[PDB]
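In the block that follows, a single chain appears as structure tokens, in the form deposited in one PDB entry.
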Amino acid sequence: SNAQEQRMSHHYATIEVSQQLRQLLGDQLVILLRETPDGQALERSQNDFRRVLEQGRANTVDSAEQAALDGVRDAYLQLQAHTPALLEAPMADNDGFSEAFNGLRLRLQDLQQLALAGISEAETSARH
């Protein structure tokens, strides 16, 4: 009943916030992989990740998710601490690799979102 939908909604919320952070992390990697990483684009993407993470932390009452998100925050500070100026591959087309990676990782992201939408739609339809 209400308790049931509450918990189901808690998990969908977790899936959604973690999905946003996964995309934003990939956004940062895509930027860093280009031949000349756009510092403006990178700092904006870092800002996105930060805003989503902190809103998540503020809007979770769940003791476990709270714990996980705290761990993500710690690891995100370490990611930024170790972010290099660029990731040049001397013998490869960096722009091309960045684009190929971006294309694939977005398709995987969309495949997961399509499957999830299918799961939810079928469960909702079954309620009839």
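Note that the rigid core is defined as the largest set of C-alphas that superpose within 1.5 Å between two forms. Numbers for residues come from their place in the sequence shown, where the first is 1.
Just so you know, the form deposited in another entry exists too; it's not on screen, but the next bit is about it.
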Comparing between the shown form and the other one on the core: of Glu54, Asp95, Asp38, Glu88, the CA moving 2 angstroms or more sits at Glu88
Under comparison with the form shown, the C-alpha atoms of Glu88 and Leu108 in the other form shift by 3 angstroms or more, placing them farther
Quick read on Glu99 and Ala89 CA atoms in the other form, 3 Å or more from the shown distance, and they're farther
